[PDB]
Every structure is written in structure tokens, then in C-alpha cells.
Amino acid sequence: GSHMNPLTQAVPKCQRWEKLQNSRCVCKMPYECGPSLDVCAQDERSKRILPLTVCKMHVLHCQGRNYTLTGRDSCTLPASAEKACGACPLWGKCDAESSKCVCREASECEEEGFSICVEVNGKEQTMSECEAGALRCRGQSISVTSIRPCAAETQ
């Protein structure tokens, strides 16, 4: 007989830079992103270090664009550190009447948030963008190794 359920047997899970359409996982659009971690990447044709952001890089990467990642000192990011009220990311918001921006913790991760590999505590832990970002905002010492996940998650 026919399959009662399409060939996945559940709803297909697509990656952070992907969206499920036409029964497949396709990439989203890079301009459909904003809330993501700002990183320094090198353009393969220009060889310039340009500020990219995790979703931008990921989506554009799966769209067939080639970019090499560089160090956090290679470029200057819009948000490389803490922000102030009037301009806050997804891991940071303006608090109850102030001029500052407070950095939230991982427990307030509401927006999508990618999964990245960051070396914290001397270990490479895959955490969510909202978490790693919160850390980078609050003052936790974090060393982003890559915008891809770590092999921390392996059972």
C-alpha cells in the first residue's frame, strides 16, 4: 500500500539557515536575518575582512557563497561588546527605565538563535546564539571558535 506518512514520518527538521518548503529543506534568505552573532569573515574574491553575522554567513554559505572565517580581531563589529538602551540585540534589552542595555541570560532566549561553537571554561561547548551572545554581552569570557556547532553534542 501507500505510505501513511511522508518519508520522514514526522515533520522534517531543517537547520537554522534553512526552512522547510516543498517537502525539503531549503535555505532562507540572508536579508531575513538580523538577530545573530556578529563575526569577522574574509571574502574569497575580495580577500577583505568584512563583518558578517552568523545567519548571514550561514545562509549565504548554503546559497553557494564562499567565505572564510577569521579572527574576532580581524574586523570591527557593530556589536562586539555590550550595548546601550536604544540599540539592543536579542540577548540584550533595555531594562526598566535606564539609558543602559542589560544583557539577558540564556533563560530568556526567545528569538531563533543559531548554534555555534564556543570555547568557554576551557571546553568547546555548542551553545545557542542567544546564550553565547548573552555571555559576550554580560562579560563572560568566551572564545568563539567557529559559527558552526561543536562536537560537544555527541552521544
# chains A, B, ... in the order shown; residues from 1 in each chain; ligands from 1
>>> residues_around(residues="stretch 25-33 of chain A", least_positions_apart="2", cutoff="9 Å", atoms="only C-alpha atoms", output="short mmCIF file (atom, residue, chain, number, x, y, z; two decimals) with N, CA and C atoms, in the first residue's frame")
data_model
loop_
_atom_site.label_atom_id
_atom_site.label_comp_id
_atom_site.auth_asym_id
_atom_site.auth_seq_id
_atom_site.Cartn_x
_atom_site.Cartn_y
_atom_site.Cartn_z
N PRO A 12 9.92 17.23 8.96
CA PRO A 12 11.35 17.38 8.67
C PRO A 12 11.95 18.59 9.38
N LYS A 13 13.03 18.35 10.06
CA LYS A 13 13.73 19.37 10.78
C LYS A 13 14.81 19.96 9.92
N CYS A 14 14.75 21.23 9.70
CA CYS A 14 15.72 21.91 8.88
C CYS A 14 16.66 22.68 9.78
N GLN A 15 17.82 23.04 9.27
CA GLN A 15 18.79 23.75 10.08
C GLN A 15 18.40 25.21 10.26
N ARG A 16 19.16 25.91 11.07
CA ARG A 16 18.89 27.30 11.43
C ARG A 16 18.82 28.25 10.23
N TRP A 17 19.56 27.93 9.20
CA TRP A 17 19.65 28.74 7.99
C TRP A 17 18.74 28.19 6.91
N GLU A 18 17.94 27.23 7.28
CA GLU A 18 17.09 26.55 6.36
C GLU A 18 15.64 26.65 6.78
N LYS A 19 14.76 26.43 5.83
CA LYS A 19 13.33 26.43 6.05
C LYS A 19 12.72 25.30 5.24
N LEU A 20 11.70 24.69 5.78
CA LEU A 20 11.02 23.59 5.14
C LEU A 20 9.98 24.09 4.15
N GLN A 21 10.19 23.81 2.89
CA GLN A 21 9.22 24.12 1.85
C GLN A 21 9.35 23.04 0.80
N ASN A 22 8.25 22.70 0.15
CA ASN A 22 8.25 21.76 -0.98
C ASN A 22 8.74 20.37 -0.52
N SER A 23 8.54 20.09 0.78
CA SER A 23 8.94 18.84 1.43
C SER A 23 10.47 18.71 1.58
N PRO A 35 19.03 39.26 13.94
CA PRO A 35 19.39 38.66 15.22
C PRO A 35 20.27 37.42 15.05
N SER A 36 21.57 37.62 15.23
CA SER A 36 22.58 36.62 15.12
C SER A 36 23.91 37.21 15.61
N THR A 53 27.46 38.25 9.98
CA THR A 53 26.77 37.80 11.12
C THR A 53 26.44 36.32 10.85
N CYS A 55 23.84 34.20 10.81
CA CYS A 55 22.82 33.79 9.86
C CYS A 55 23.21 34.18 8.45
N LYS A 56 23.70 35.42 8.30
CA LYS A 56 24.15 35.97 7.03
C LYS A 56 25.14 35.02 6.38
N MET A 57 26.20 34.72 7.12
CA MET A 57 27.24 33.80 6.68
C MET A 57 26.67 32.42 6.38
N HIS A 58 25.82 31.90 7.25
CA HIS A 58 25.31 30.53 7.07
C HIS A 58 24.42 30.39 5.86
N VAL A 59 23.49 31.30 5.73
CA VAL A 59 22.55 31.31 4.62
C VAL A 59 23.29 31.52 3.33
N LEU A 60 24.07 32.56 3.28
CA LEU A 60 24.84 32.90 2.12
C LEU A 60 25.81 31.75 1.75
N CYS A 62 25.25 28.51 2.29
CA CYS A 62 24.49 27.42 1.70
C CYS A 62 23.88 27.84 0.36
N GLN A 63 23.79 29.15 0.13
CA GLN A 63 23.37 29.67 -1.17
C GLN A 63 24.50 29.57 -2.20
#
>>> residues_around(residues="residue A:113", least_positions_apart="4", cutoff="6 Å", atoms="only C-alpha atoms", output="ChimeraX atom specification")
/A:128-130
>>> select_by_dssp(residues="chain A", states="strand (DSSP E or B)", output="short mmCIF file (atom, residue, chain, number, x, y, z; two decimals) with N, CA, C and O atoms, in the first residue's frame")
data_model
loop_
_atom_site.label_atom_id
_atom_site.label_comp_id
_atom_site.auth_asym_id
_atom_site.auth_seq_id
_atom_site.Cartn_x
_atom_site.Cartn_y
_atom_site.Cartn_z
N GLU A 18 17.94 27.23 7.28
CA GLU A 18 17.09 26.55 6.36
C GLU A 18 15.64 26.65 6.78
O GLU A 18 15.33 26.94 7.94
N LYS A 19 14.76 26.43 5.83
CA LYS A 19 13.33 26.43 6.05
C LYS A 19 12.72 25.30 5.24
O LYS A 19 13.20 24.98 4.13
N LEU A 20 11.70 24.69 5.78
CA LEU A 20 11.02 23.59 5.14
C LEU A 20 9.98 24.09 4.15
O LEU A 20 8.99 24.73 4.56
N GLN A 21 10.19 23.81 2.89
CA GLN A 21 9.22 24.12 1.85
C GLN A 21 9.35 23.04 0.80
O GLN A 21 10.44 22.48 0.63
N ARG A 24 11.19 19.80 1.41
CA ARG A 24 12.62 19.77 1.53
C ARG A 24 13.10 20.95 2.35
O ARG A 24 12.35 21.90 2.59
N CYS A 25 14.33 20.90 2.77
CA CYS A 25 14.90 21.99 3.50
C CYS A 25 15.72 22.82 2.55
O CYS A 25 16.68 22.34 1.93
N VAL A 26 15.30 24.04 2.39
CA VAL A 26 15.96 24.98 1.52
C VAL A 26 16.56 26.04 2.40
O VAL A 26 16.29 26.05 3.58
N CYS A 27 17.30 26.94 1.86
CA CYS A 27 17.88 27.97 2.67
C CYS A 27 16.93 29.14 2.75
O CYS A 27 16.12 29.34 1.84
N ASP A 38 27.55 38.62 15.48
CA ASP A 38 28.43 39.31 14.54
C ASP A 38 29.83 38.77 14.63
O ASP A 38 30.42 38.69 15.73
N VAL A 39 30.35 38.39 13.48
CA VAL A 39 31.66 37.77 13.35
C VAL A 39 32.46 38.37 12.18
O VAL A 39 31.91 39.08 11.33
N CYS A 40 33.74 38.08 12.12
CA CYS A 40 34.59 38.59 11.06
C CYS A 40 34.89 37.50 10.05
O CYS A 40 35.44 36.43 10.41
N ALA A 41 34.55 37.74 8.82
CA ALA A 41 34.78 36.78 7.78
C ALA A 41 35.54 37.41 6.64
O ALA A 41 35.49 38.62 6.44
N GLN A 42 36.23 36.60 5.92
CA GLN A 42 37.00 37.04 4.79
C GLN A 42 36.30 36.65 3.51
O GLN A 42 35.93 35.48 3.33
N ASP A 43 36.12 37.61 2.63
CA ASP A 43 35.51 37.36 1.33
C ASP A 43 36.52 36.67 0.44
O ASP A 43 37.65 37.10 0.35
N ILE A 49 38.39 41.54 5.07
CA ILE A 49 37.71 41.06 6.23
C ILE A 49 36.48 41.92 6.41
O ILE A 49 36.60 43.14 6.59
N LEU A 50 35.35 41.34 6.34
CA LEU A 50 34.14 42.07 6.48
C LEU A 50 33.32 41.50 7.61
O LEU A 50 33.41 40.30 7.91
N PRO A 51 32.59 42.36 8.27
CA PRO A 51 31.71 41.96 9.34
C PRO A 51 30.48 41.24 8.81
O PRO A 51 29.70 41.79 8.02
N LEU A 52 30.34 40.02 9.19
CA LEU A 52 29.20 39.25 8.84
C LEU A 52 28.56 38.82 10.10
O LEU A 52 29.09 39.02 11.18
N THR A 53 27.46 38.25 9.98
CA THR A 53 26.77 37.80 11.12
C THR A 53 26.44 36.32 10.85
O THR A 53 26.39 35.91 9.68
N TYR A 67 33.07 31.91 2.02
CA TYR A 67 33.67 32.84 2.95
C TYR A 67 34.48 32.09 3.94
O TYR A 67 34.10 31.01 4.38
N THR A 68 35.57 32.66 4.29
CA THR A 68 36.47 32.08 5.22
C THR A 68 36.32 32.83 6.53
O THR A 68 36.13 34.03 6.52
N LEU A 69 36.35 32.15 7.65
CA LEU A 69 36.26 32.88 8.88
C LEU A 69 37.60 33.23 9.43
O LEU A 69 38.57 32.47 9.34
N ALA A 84 23.91 49.79 24.58
CA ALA A 84 23.20 50.70 25.46
C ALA A 84 21.76 50.81 25.01
O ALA A 84 21.42 50.36 23.92
N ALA A 87 19.62 50.68 21.29
CA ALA A 87 20.11 49.72 20.32
C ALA A 87 20.53 48.46 21.06
O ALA A 87 21.58 48.42 21.69
N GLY A 92 20.16 41.06 24.59
CA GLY A 92 20.29 42.24 25.38
C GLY A 92 19.14 43.12 25.12
O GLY A 92 18.72 43.22 23.98
N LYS A 93 18.61 43.72 26.15
CA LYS A 93 17.44 44.58 26.04
C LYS A 93 17.61 45.74 26.97
O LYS A 93 18.42 45.69 27.88
N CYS A 94 16.84 46.76 26.77
CA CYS A 94 16.87 47.90 27.65
C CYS A 94 16.08 47.52 28.90
O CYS A 94 15.02 46.87 28.79
N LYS A 100 20.91 52.29 29.78
CA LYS A 100 21.80 51.19 29.52
C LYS A 100 21.05 50.02 28.91
O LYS A 100 19.82 50.01 28.89
N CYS A 101 21.77 49.08 28.42
CA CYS A 101 21.19 47.89 27.88
C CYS A 101 21.65 46.78 28.77
O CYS A 101 22.84 46.68 29.09
N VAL A 102 20.75 45.96 29.20
CA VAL A 102 21.10 44.90 30.08
C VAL A 102 21.15 43.63 29.28
O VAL A 102 20.36 43.43 28.34
N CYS A 103 22.05 42.79 29.63
CA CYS A 103 22.23 41.59 28.90
C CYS A 103 21.49 40.53 29.62
O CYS A 103 21.61 40.40 30.84
N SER A 115 23.20 27.93 16.46
CA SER A 115 24.00 27.12 17.30
C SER A 115 25.46 27.23 16.86
O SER A 115 25.80 26.95 15.71
N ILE A 116 26.29 27.69 17.76
CA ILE A 116 27.67 27.93 17.44
C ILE A 116 28.59 27.20 18.40
O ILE A 116 28.14 26.68 19.44
N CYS A 117 29.83 27.17 18.05
CA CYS A 117 30.84 26.50 18.81
C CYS A 117 31.66 27.54 19.52
O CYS A 117 32.31 28.40 18.87
N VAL A 118 31.64 27.53 20.81
CA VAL A 118 32.39 28.47 21.54
C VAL A 118 33.16 27.78 22.66
O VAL A 118 32.65 26.86 23.31
N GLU A 119 34.38 28.17 22.83
CA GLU A 119 35.20 27.63 23.86
C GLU A 119 35.02 28.46 25.12
O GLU A 119 35.48 29.62 25.20
N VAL A 120 34.30 27.91 26.06
CA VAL A 120 34.09 28.50 27.30
C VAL A 120 34.56 27.52 28.34
O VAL A 120 34.51 26.31 28.10
N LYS A 123 36.52 24.46 27.51
CA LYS A 123 35.90 23.43 26.71
C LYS A 123 35.15 24.03 25.55
O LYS A 123 34.69 25.16 25.61
N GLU A 124 35.00 23.28 24.51
CA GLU A 124 34.24 23.73 23.39
C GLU A 124 32.82 23.27 23.56
O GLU A 124 32.53 22.06 23.51
N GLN A 125 31.95 24.19 23.79
CA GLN A 125 30.58 23.90 24.01
C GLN A 125 29.73 24.54 22.94
O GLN A 125 29.92 25.71 22.59
N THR A 126 28.82 23.78 22.42
CA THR A 126 27.88 24.28 21.47
C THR A 126 26.78 24.89 22.27
O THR A 126 26.16 24.22 23.10
N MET A 127 26.57 26.11 22.07
CA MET A 127 25.51 26.78 22.73
C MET A 127 24.73 27.56 21.74
O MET A 127 25.13 27.68 20.57
N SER A 128 23.64 28.09 22.17
CA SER A 128 22.81 28.82 21.31
C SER A 128 23.33 30.25 21.23
O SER A 128 23.98 30.74 22.15
N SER A 143 35.39 32.27 23.90
CA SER A 143 36.18 32.26 22.73
C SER A 143 35.45 31.55 21.60
O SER A 143 35.40 30.32 21.58
N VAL A 144 34.83 32.31 20.73
CA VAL A 144 34.13 31.72 19.60
C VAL A 144 35.14 31.08 18.65
O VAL A 144 36.05 31.73 18.15
N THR A 145 35.02 29.79 18.47
CA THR A 145 35.95 29.07 17.66
C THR A 145 35.46 29.05 16.22
O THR A 145 36.25 29.15 15.27
N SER A 146 34.15 28.95 16.06
CA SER A 146 33.54 28.88 14.77
C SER A 146 32.05 29.16 14.87
O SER A 146 31.48 29.13 15.96
#
>>> residues_around(residues="residue A:134", least_positions_apart="6", cutoff="10 Å", atoms="only C-alpha atoms", output="compact mmCIF listing (two decimals) with N, CA and C atoms, in the first residue's frame")
# COMPACT_ATOMS: atom_id res chain seq x y z
N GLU A 82 29.19 45.03 24.89
CA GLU A 82 27.92 45.47 25.42
C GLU A 82 27.36 46.69 24.67
N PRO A 89 20.47 43.93 20.89
CA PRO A 89 20.26 42.70 20.11
C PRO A 89 19.13 41.81 20.71
N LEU A 90 19.23 40.51 20.51
CA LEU A 90 18.23 39.59 21.05
C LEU A 90 18.61 39.05 22.44
N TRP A 91 19.87 39.19 22.79
CA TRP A 91 20.39 38.74 24.09
C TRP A 91 20.55 39.91 25.04
N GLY A 92 20.16 41.06 24.59
CA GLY A 92 20.29 42.24 25.38
C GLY A 92 19.14 43.12 25.12
N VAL A 102 20.75 45.96 29.20
CA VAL A 102 21.10 44.90 30.08
C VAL A 102 21.15 43.63 29.28
N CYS A 103 22.05 42.79 29.63
CA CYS A 103 22.23 41.59 28.90
C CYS A 103 21.49 40.53 29.62
N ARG A 104 20.69 39.82 28.91
CA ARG A 104 19.82 38.85 29.49
C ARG A 104 20.63 37.58 29.67
N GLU A 105 20.05 36.57 30.21
CA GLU A 105 20.74 35.33 30.35
C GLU A 105 20.16 34.34 29.35
N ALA A 106 20.66 33.13 29.36
CA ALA A 106 20.26 32.12 28.39
C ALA A 106 18.80 31.72 28.56
N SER A 107 18.29 31.90 29.76
CA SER A 107 16.94 31.54 30.09
C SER A 107 15.90 32.49 29.44
N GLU A 108 16.36 33.54 28.75
CA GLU A 108 15.43 34.45 28.08
C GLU A 108 15.56 34.39 26.57
N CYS A 109 16.13 33.32 26.08
CA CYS A 109 16.29 33.10 24.66
C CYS A 109 14.92 32.90 24.01
N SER A 128 23.64 28.09 22.17
CA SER A 128 22.81 28.82 21.31
C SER A 128 23.33 30.25 21.23
N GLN A 140 31.08 37.38 30.30
CA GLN A 140 31.63 36.04 30.39
C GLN A 140 32.74 35.92 29.35
>>> select_by_dssp(residues="stretch 51-100 of chain A", states="alpha helix (DSSP H)", output="PyMOL selection string")
chain A and resi 54-62
>>> write_last_selection(atoms="N, CA, C and O atoms", output="short mmCIF file (atom, residue, chain, number, x, y, z; two decimals), in the first residue's frame")
data_model
loop_
_atom_site.label_atom_id
_atom_site.label_comp_id
_atom_site.auth_asym_id
_atom_site.auth_seq_id
_atom_site.Cartn_x
_atom_site.Cartn_y
_atom_site.Cartn_z
N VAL A 54 26.28 35.52 11.91
CA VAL A 54 26.07 34.06 11.81
C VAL A 54 25.04 33.62 10.77
O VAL A 54 25.34 32.76 9.93
N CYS A 55 23.84 34.20 10.81
CA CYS A 55 22.82 33.79 9.86
C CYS A 55 23.21 34.18 8.45
O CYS A 55 23.12 33.37 7.54
N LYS A 56 23.70 35.42 8.30
CA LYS A 56 24.15 35.97 7.03
C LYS A 56 25.14 35.02 6.38
O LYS A 56 24.93 34.55 5.28
N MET A 57 26.20 34.72 7.12
CA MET A 57 27.24 33.80 6.68
C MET A 57 26.67 32.42 6.38
O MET A 57 26.95 31.86 5.35
N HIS A 58 25.82 31.90 7.25
CA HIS A 58 25.31 30.53 7.07
C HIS A 58 24.42 30.39 5.86
O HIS A 58 24.59 29.45 5.06
N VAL A 59 23.49 31.30 5.73
CA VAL A 59 22.55 31.31 4.62
C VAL A 59 23.29 31.52 3.33
O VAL A 59 23.21 30.71 2.42
N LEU A 60 24.07 32.56 3.28
CA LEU A 60 24.84 32.90 2.12
C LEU A 60 25.81 31.75 1.75
O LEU A 60 26.03 31.47 0.57
N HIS A 61 26.30 31.04 2.76
CA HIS A 61 27.21 29.92 2.56
C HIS A 61 26.48 28.78 1.86
O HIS A 61 27.00 28.16 0.93
N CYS A 62 25.25 28.51 2.29
CA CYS A 62 24.49 27.42 1.70
C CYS A 62 23.88 27.84 0.36
O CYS A 62 23.50 27.00 -0.46
#
>>> atom_distance(atom1="atom CA of residue A:83", atom2="atom CA of residue A:137")
7.6 Å
>>> closest_residue(among="A:132, A:74, A:8, A:80", to="residue A:147", atoms="only C-alpha atoms")
A:132
>>> atom_distance(atom1="atom CA of residue A:111", atom2="atom CA of residue A:37")
12.3 Å
>>> closest_residue(among="A:4, A:152, A:79, A:10", to="residue A:133", atoms="only C-alpha atoms")
A:79
